[PDB]
Each structure stands twice: as structure tokens, then as C-alpha cells.
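Undergrad: just coords:
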Ligand SMILES: Nc1ncnc2c1ncn2[C@@H]1O[C@H](COP(=O)(O)OP(=O)(O)O)[C@@H](O)[C@H]1O
């Protein structure tokens, strides 16, 4: 009973925080997508930018590599 | 209306994590919001600040990339902003303090007071912006850091000696990104916390000691601080906001000029401190 | 560098400086593996960041001091910063970015031309700048150096020097081929006047004679 | 060094130039082991990688100016690059495999022969290019 | 160095050549310990794996050009 | 079915080791709580240690971050 309560309250609060979030919260994903789509741009670096964006879309936090791909 | 409904939401998050922690369980956010209520700070700094307040309401234990938000907000909320000590630059009051905290050494005190007078008069264009920054050279055993203290208390500022001397890179003069395992501010930003004002002095020790490894040499981020046309434009990897370092005044000591990099040699004048005589040594030994 | 700036504002273009020669390590233009968060730790993409436009004017100080021989040679660490037939896509041969440099106007600054790697020397041509006579030093000190030093010291019309004083300073306080050492001496005279102002101010101007140069 | 480019263009093949002057280490002929950090192949595998074929024309400039101090001896690693019977199995230290350099057209230049070490001079065929008279200099300057 | 391959072809042995000119790394003879990242054994164990027989002919070529006194 | 079984094993074990480790609960945690107080450690580090202990008291044991906290 305590474990099931823990799981329900845990994802309840996380869903609350998601709802308290509009436009994906701050949502730097769409911010860097707009930072791509509004400048330049050549075509092979378009593919490189979109694959680095897709590497950023899968993992979100915990590894250094997510922020590495962000800065890169 | 949206405020009242988001007040519903924020109180809900409160009550739930209160149940989970066995204590408020969010005491940290209640402390840090009251910390943001402090003196200062500029609005882009707070806009960078408010993104990571609201990320630890997802996980509390760990992670190595979530506890860093707690450490980072605690480090950000304690730098001095807009706290000015009563300055005084008087050539008949600094002269008395220098002639009391030392013996002899007429010519170096005079050549310091000249620099102080031009520090005083130029309050219009190029307040020191083309005035060369001060360095003191000489053997060991002469009084050099004691002159740094004797100047620093003659302006009621804070003395806080920062020593490189054993550097491997310029990536320790500038801090490092908080999202790694290495989350450290500048040696200079730590050094900025240790004072109680926004305009102390910061002496630099043996600046003729440089690097050859961790590829590079720290003559590239060091000039970005020592140049008064650059220090207001200073940005660190840890805080990522521009922090003003223009109002502070720097003194530097080195032992030889012949291994200091040329972009730094072209920003400074030298006061060679000669060495003492036997009656000078006898007077220093009796007095101090 | 002042002549490079003169060329840059003559064309209504930007100016930016990249220093070299201090490379104790060999390959810092390179472009080696990821100690940097980015595919270029070299100076070139950072300088392309600091300039906002497509076509700057870039200087390179001391391309001839790449003689270190420490874990590699910095002289062997450059061919493709320039040379606009390969330069349409930039390369470091080990960690690079293909990026256009065919619109940037390059200048190069050296001291002694006998240290450049030989594939780099035969691509370039040379301008040689000799050295100044004492009448050239006196004219430069009147027309450019002394007004700038009395401006930035905050005196600007209450102290003056004569030509005899300039010639005495050049003959007895400098030994150099350039004008960098003369500028510090004129600055010392200005700051000496500043301390004498703040320790009891006079009226009008005071011209500094040839006798007072030891007094300053 | 211009005759190398004209030879490569005249035979419809690829050109690449390696400057051996001032090379002070043998770790840039053959590479390093891949267990170090750094750890890239030597200049020959870089050259063969730029070009996309197995028979280019490689120009090795100023082979009389390699050095032999504490820093090293790169002239001892050249002895297996330029060995005409044994360069069909060339191993550097980065790639552990034998690699075939028997199809490439090595052209080398120098100013004097007295500074090349004798076991390395023994592998190479010598062609002396004389120097010009004034009539030849007039003709070159008129039509080239 | 022609006699090396001629002798090994004559006695029906296997053959492998190790070129020692200019080698000045001790870890080319022995290896590194397996604690390090890209570590692997020296030239001798590698040659014995390539041959595949306990009994080869190894030609250690130009053994008087082994450089000294850099790492060892 | 196998992994839910192994979860059940570990939780029945957790109940029994509640019923023997301490009369009310893991008593070595209370021994740590006394021993932190007995040694004359300074006040900042005592606040640090009591915060770690209070966080540790809600972790499940046999966990790769329970052992780090208990070793610290
Ligand atoms: N008048 C004086 N001149 C020089 N040194 C003095 C004098 N009076 C006292 N001292 C002492 O001499 C010591 C010299 O040490 P320090 O100044 O640190 O040498 P350095 O700066 O060359 O490393 C100082 O600790 C200082 O307290």
C-alpha cells in the first residue's frame, strides 16, 4: 500500500509540474530550433544541426553528454 | 486569476512533498526564494537564476546533475552587489599611512603616489583605461605584500591576496560549468565572496609563473581581467552572467620581468624595489 | 598594428587581432580531440564569433615565434589558416570544421622572416619596415604621442614640453628602434605633472624646459 | 617542387606534398600506439587519406634537412618507407595492419647529398638538375 | 634482410618481420598493464599471434638503431 | 512473473530484518544517531551529517546509494 501510494503521489506531482508548465516550460528545445531556423544557413550543417538536436531530444539530464551536445 | 490558480498549484506541490520528506521536503526552495529577495540583483541574472529553482521539484536525492542546482543557487546568492566602502584618495593621508607601515623606501612610495594621483584625477575619459596597471618587482625578502596591505588599509578597502604561481591552465582563473562533476567558480569569484564590498583590492602573486601543459598558457584569460576595458565585460563559465570587475584596483608582484608575456608587459609599468642597506636593515629589525 | 587598423578603417571593414608565437605547445590552432566543447578549440572560429559580419580584416602577430620543439613543433602546426584555394573549407587535419574563409582579408605580422615554415613563406610576400631616425622620433612625439599622453592623464592644457626636451628624452633615456619606449617616458612626465597639480595647483600653463627633465 | 606538380598533372594522377624539413621526431612518420591520448597516424597515412587512390604522387621536400639530436632520428623510420623491396608491408604504430605503399610515386628533393645518411641515400636514384645560363634565363623570363 | 625470408621459405617455417629502427619506447617490447584504457601487448606477443605457430622465424631488423634515453 | 517474484522476496526480507535488526527498527541507525552526537564534531559538519542521516533513513537498504551514504 505504501509503495503504490508512493508511485501515485510521485507521478501526480510530476504531472502537476508539467501542467504548471506551458510551452514545454522554458523549453530550450524549441528555443534552439528557432535559433536554427532563422539564420543562415547551409545544408550539410542543417543535417548536423538537426542530428545534434535529435541527440538532445532523447536524453534530457543526467549525463554530461546532453549538455555537451547542447553547447556543441 | 492565473496567479491565484498557480497559487493553488504551488501549495499543492508543497503539501505533497511535505508528506514525502517527513519534513517540509521543499524547505530549500522556501529558503532560496527568500535569498533572491536580497540586495540587487540585475534582472538577467535573476532570469538565469529562476530556471534552476524549479528543477529540484522533480528529484531530491541526487543526481550528480541535480544537487549542483542547490550548490549553484547557494553560491550565486552570496556575491556582493552594490556595496561601496568609503573611498579616500588623498596624497597627504595615504603618504602618512605608507610612512607609518614601513621604514625608508622613499622612491617607491613616491612612484606609488604618482599612480594614486592619476587614479584620482582621471574620473572622466579613461579613468584608468589607458593608465598602465601597477606591478612591483624585486628579490625575495623585501617588503612587497606588506605594501599591498599598507595601500589597502589606506583606502579602507579589503586586501585579499590571490596566488597563482602553480597554474596549469587559464580554465581555473575562469570557473567551470556547473553541470559537470567539476562545479567551481573563478578563483577570482571565490575571491570575490571573501570580501564585504564590491571594490576591494586583489593582489596577484608571482605572475611570472606560467603553464606549459593542459594545452595552452594562461596569458589569454588573465589579460581579460587585468584590462579595465575588459573586466566589466568579464564572463565566467560557472555563473554565466557578466560580472563587473572595473571598480576594483589591482596590485601585482613578480620577481622577474623576463618571463612575463608581452600582452601583459604592454599593460604595466614597473617599480623596481632595490634591496636594503645595513642601517635600513638595523632600523627594520629594531622597529618591526 | 596601427597600420593594419588604418587599412581596416580605410575600407569601412572590421578589425580583429589574433596573437601567435606564445604557443609553447605545438598545435593550438588545431584542432585536436575534445578537451573543448566544440569542434574547434583554435582561435579562428572564436574570432569569427567576435566579428559580427562575413568579411573582416584579421591580423596575426608573430607568426615567426613558433620555434618551441615541445612535444611537436608549432612551426609544423600551420599551413591552412590562409592560402585561398584550399581555404574555401577550413581544415586542421585532425579536428576541424568545413567553413568558408574566401571573403576575409588577411594580414600577417612577423619580426624575423627566417623562422616561417617554407610552404607558408612561398605563398606570401613581404613588406619590410626599417626603423626611425631621431628627427622622425621627434616629429612623431610632437604630432601623435604627446597629445595622447596628456589627454589620458587629465592635464590637457596646463603643462607643455618643448622640442629640446623631446630631443633630450630621446637621446638620453631611450635605446630602441621603435617608439614604444618613448611613450612611457612621456607618460611619466604627464603623471609627474599630475602629482604636482594635486599637491598644490598653479594657474595657466608651465612649459617644461630641458633643465627640468632630470627633475621629472 | 613545381616539377612535382607538373609531373602529377601530366600523368593525370593525384598530387600531395609533405614537407620533411624541420621534422625532428620519428613519431610523425609512423604514428603512436592507440593506447596514448593524442594518438594519430603519421603523415603518410594522412597523405594517403587526403588523396583517394593507391598510386598518387607524393613529394617529400628537403630530405637533406631532417635532424638528429636528442629529439630523435626520423631518418631511421624512413628506411622502411623508402625500401623498394619491403614497403609493400608498411606498419605504422596507430594502424596495426600492414599497408601497401608499393604503388606510390615518391619524388624527393634536396640541395646537397652530403647530409643524407648513407643507408637512406642507397635506396634512392639520383638526378642532378644543373642550373641556368644567362641565355636560358632570358628564354624562361620571356616565355614563362 | 633478404636472407631472412629466403631462410624461412627454405625450411618451410612461418615468417614475420619486426622493424626496430628508430623505436625508443619500452612499451613496444612489453606492453602496458591492462588497467590503462587502450592497452594491449607488445610486438612479440602480437607477432606470435599473427604467426599462429610456436615455431616461427622472426627477423628483428636493424637492431643497432634502437634509440635510447628518451623515456628509457 | 520472475521479476515480480524477486521483488516480493526482497520485501518479505525487509519485513523480517525490520523484525530482528532492531526492536522497533534498524538499531544501527540509532547507534549512528547517538554516535554522531557523542563525538565532538563541529556544528556545521554535524548539521551536514544529520542531514545525510535523515536522507539515508528513507532509502531502501541494499541500494547503490544507501551504501555510499552509510560508508560516508
Ligand atoms: N620596512 C620593511 N621592509 C621590508 N620588510 C619588512 C619591513 N618591515 C617588516 N618587514 C617584514 O619583512 C618580511 C618580508 O616578507 P615579504 O614582504 O613577504 O617578502 P617578499 O614580499 O619578498 O616575499 C615581511 O613579513 C614583513 O613583515
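TA: Happy to help now that I have it. Numbers count the residues shown, from 1 in each chain, chains lettered A, B, ... in the order given.

Undergrad: Tell me the secondary structure at the one residue in chain C that gets nearest to the ligand.
TA: Residue nearest to the ligand within chain C (Cβ to the nearest ligand atom): residue C:195, separated by 22.9 Å. From N, CA and C alone the C-beta is placed, and that goes for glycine too. Taken by DSSP: H, G, I helix; E, B strand; the rest coil, the conformation at residue C:195 corresponds to helix.

Undergrad: is it true that it touches residue B:114?
TA: Yes. Between residue C:195 and residue B:114 there is a contact at 4.7 Å, judged by Cβ atoms under 8 Å.

Undergrad: Could you count how many residues lie near the residue of chain C closest to the ligand?
TA: Using other Cβ atoms under 10 Å in any protein chain shown, residue C:195 has 19 neighbouring residues.

Undergrad: give me the number of residues near residue 33?
TA: You didn't say which chain, so I picked chain A. 15.

Undergrad: That was the other one, I meant chain C.
TA: Neighbourhood size, residue C:33 [other Cβ under 10 Å]: 13.

Undergrad: dump the residue contacts of the residue of chain C closest to the ligand.
TA: Contacts for residue C:195 (Cβ atoms under 8 Å, 6 or more residues apart in numbering or on different chains) come out as B:91, B:113-114, B:117-118.

Undergrad: Kindly state the domain boundaries assigned to chain C.
TA: C:1-128, C:134-216 (curated CATH domains).

Undergrad: Select, out of those domains, the one closest to residue B:160.
TA: domain C:134-216 (27.2 Å; Cβ to Cβ).

Undergrad: Around chain E, pick out the residues from chain A.
TA: For chain A, the contact set with chain E under Cβ under 8 Å from any Cβ of the partner chain is empty.

Undergrad: Break down chain A into its helices, ranges please.
TA: Using DSSP state H, the helices found in chain A span residues A:2-19, A:28-36, A:44-58, A:64-71.

Undergrad: packing partners for the last one?
TA: On a contact count with 3 or more Cβ pairs under 8 Å, 6 or more residues apart in numbering or on different chains; DSSP states H and E, helix A:64-71 meets helix A:44-58.

Undergrad: now the helix it packs on, how far from the centre of its chain.
TA: 13 Å (Cα atoms, centre = their mean, to the nearest Å).

Undergrad: For that helix, which outside residues touch it?
TA: So helix A:44-58 is in contact with A:29, A:32-33, A:36, A:41, A:66, A:69-70, A:72, C:98, going by Cβ under 8 Å, 6+ apart.

Undergrad: Could you tell me which of those residues count as buried?
TA: Buried members of the contacts of helix A:44-58, counted by 16 or more other Cβ atoms under 10 Å in any protein chain shown: A:36, A:66, A:69-70.

Undergrad: What about the nearest residue to residue A:71 once chain neighbours are set aside, how many residues nearby?
TA: The shortest distance from residue A:71 to any non-neighbouring residue, by Cβ to Cβ, 6 or more residues apart in numbering or on different chains, is to residue C:37 (4.4 Å). When neighbours are counted by other Cβ under 10 Å, residue C:37 registers 15.

Undergrad: got it, and residue A:46?
TA: 13.

Undergrad: What of residue C:216?
TA: Considering only other Cβ under 10 Å, residue C:216 is surrounded by 16 other residues.

Undergrad: check contacts around it.
TA: C:188-189, C:192-193, C:208.

Undergrad: One more pass at 7 Å, please.
TA: For residue C:216, the contact set (Cβ atoms under 7 Å, 6 or more residues apart in numbering or on different chains) comprises C:189, C:192.

Undergrad: Where does it fall, secondary structure wise?
TA: Counting by DSSP states H and E, there is no helix or strand that carries residue C:216.

Undergrad: Please report how far it lies from residue E:59.
TA: 80 Å (Cβ to Cβ, to the nearest Å).

Undergrad: Give me every residue in chain C lying close to chain D.
TA: When proximity is defined as Cβ under 7 Å from any Cβ of the partner chain, chain C approaches chain D at C:69, C:73, C:75-76, C:93-94, C:117-119.
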